[PDB]
Amino acid sequence: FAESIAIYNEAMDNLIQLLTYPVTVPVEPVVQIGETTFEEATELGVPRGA
Amino acid sequence: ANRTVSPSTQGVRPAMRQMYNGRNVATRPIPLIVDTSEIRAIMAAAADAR
Amino acid sequence: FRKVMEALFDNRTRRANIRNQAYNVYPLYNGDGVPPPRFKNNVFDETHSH
């Protein structure tokens, strides 16, 4: 059966090398946004924090 | 001789060209419109998710 | 090869352990785990599935 077994073996190799990769452990980023705004100045007061 | 004149005999060659029409080829590229605002959103999102 | 395909086709969430700590092992999006991030005003709730 080396004929049909080689057909089965090739088809699985082609799939495996496209479907799979060796693991790694990236830190998965969360997109949450904090922001600051400027403020209009006055001649006596002070602006807010950040 | 013939003295006849017109804005055409006094004119300039029309500087015309052929534009792509999709005839007489095997295939036609998909017309994929992509405005720069959509390119910015892709490139920003890719750089955030990396 | 069955376990490579089963990792992609079986839509259930698995459990695993390392160093006295337990975690979910995931297939593609299946209504479990961290929802997909926002993109171009597509926004995804936790029940999102592929």
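Any value given below was found using the heavy atoms of this structure, including those in side chains, with hydrogens, waters and symmetry copies removed. So that the names make sense, note that chain A is the first sequence line, chain B the second, and so on, each numbered from 1.
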Is it the case that more than 12 heavy atoms not belonging to [X] sit under 6.0 Å from its [atom1] atom?
| X | atom1 | value |
| --- | --- | --- |
| C:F1 | CZ | yes |
| A:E39 | CD | yes |
| A:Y21 | OH | no |
| A:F38 | CZ | no |
| C:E6 | CD | yes |

Quick one: do [X] and [Y] end up in the same hydrophobic cluster if we chain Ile, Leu, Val, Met, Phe, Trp and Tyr together by side-chain heavy atoms under 4.5 Å apart?
| X | Y | result |
| --- | --- | --- |
| C:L28 | A:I16 | yes |
| A:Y8 | A:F1 | yes |
| B:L32 | B:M43 | yes |

Looking only at non-hydrogen atoms, find the nearest pair between [X] and [Y] and report the distance.
| X | Y | result |
| --- | --- | --- |
| C:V34 | C:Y29 | O-CE2, 4.0 Å |
| C:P27 | C:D10 | CB-O, 3.6 Å |
| C:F39 | B:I42 | CZ-CG1, 4.0 Å |
| B:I33 | B:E38 | O-OE2, 4.3 Å |

Donor + acceptor pair across side chains of C:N30, C:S49 (<3.5 Å): no
In Å and rounded to the nearest 0.5 Å, what is the [atom1] to [atom2] distance from [X] to [Y]?
| X | Y | atom1 | atom2 | result |
| --- | --- | --- | --- | --- |
| A:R48 | A:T36 | CZ | OG1 | 10.5 Å |
| A:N14 | A:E10 | CG | CD | 5.5 Å |
| B:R28 | B:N21 | CZ | CG | 10.0 Å |

Would C:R12 and C:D32 count as a side chain to side chain contact (heavy atoms under 4.5 Å, CB included) if you check the C-alpha gap in whole Å, the side-chain angles of each, and the deciding distance to 0.1 Å? CA-CA 9 Å; C:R12 296 175 295 160; C:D32 296 349; over 6 Å; no
Show your reasoning for whether side chain to side chain contact (heavy atoms under 4.5 Å, CB included) applies to C:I18 and C:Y23. CA-CA 8 Å; C:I18 62 172; C:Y23 56 87; 3.8 Å; yes
Verify side chain to side chain donor-acceptor pair (under 3.5 Å) between C:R15 and C:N24, making sure each step is shown before the conclusion. CA-CA 5 Å; C:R15 294 295 289 188; C:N24 292 329; 2.8 Å; yes
Do B:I39 and B:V34 come within less than 4.5 Å of each other through their side chains, counting heavy atoms only?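 SC-SC contact between B:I39 and B:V34 confirmed.
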Residue pair C:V4 / A:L15, side-chain heavy-atom distance below 4.5 Å: no
Any sub-3.5 Å donor-acceptor pair from B:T9's side-chain atoms to B:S6's backbone N or O?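 Indeed, once roles are kept as given, a pair shorter than 3.5 Å links the two residues.
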Side chain to side chain donor-acceptor pair (under 3.5 Å) between B:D35 and B:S37, worked out: CA-CA 6 Å; B:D35 299 309; B:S37 55; 5.6 Å; no
Kindly write out the residues that satisfy ring-ring contact (aromatic ring centres under 6.0 Å, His included) with C:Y26, not counting sequence neighbours, or none if the list is empty. none
Pair listing, side-chain hydrogen bond (donor to acceptor under 3.5 Å, both in side chains) test, anchored in residues 34-46 of chain C, at least two apart: C:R38-C:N41, C:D45-C:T47
